[PDB]
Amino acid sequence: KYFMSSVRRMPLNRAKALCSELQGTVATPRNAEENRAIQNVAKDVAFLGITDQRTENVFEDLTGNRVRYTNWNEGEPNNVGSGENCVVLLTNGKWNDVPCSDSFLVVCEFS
């Protein structure tokens, strides 16, 4: 896997479109090593290819596969506000669930 970060912020739909344009997908860390690599390429908070849109509190990657490795920040995921179904990697490498409509950088993953 190769990981690349965008320079501009955008919501999830636009983030998925960007990675897909170059035939990749929004980055999904499968272990601590990949999590660190994605954190490093990202200069600020960035979207990961994980959501619980299909079923609340059931986090899966963009292909529908349930995720095993997770690295939630303390108190997360909390689905606050009117709901948070997308996931971002914080600048400390931990994860926070956020609204898919909000804008963040995007880290794309390619094989």
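The first residue of the shown sequence is 1; numbering continues from there. Basically, rigid core = biggest C-alpha set you can superpose within 1.5 Å across the two forms.
Taking the rigid core as the alignment reference, the C-alpha atoms of 52-60 lie farther on average from the displayed form in 8 other deposited structures of this protein than those of the other stretch among 22-30 and 52-60.
Between the stretches 80-88 and 44-52, it is 80-88 that shows the larger average CA temperature factor.
As listed in the deposited structure, the average C-alpha B-factor of 53-61 and of 69-77 is greater for 69-77. Highest CA B-factor among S103, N13, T25, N96, as stated in the entry: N13. Among all modelled residues in its chain, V107 ranks in the lowest third by Cα B-factor.
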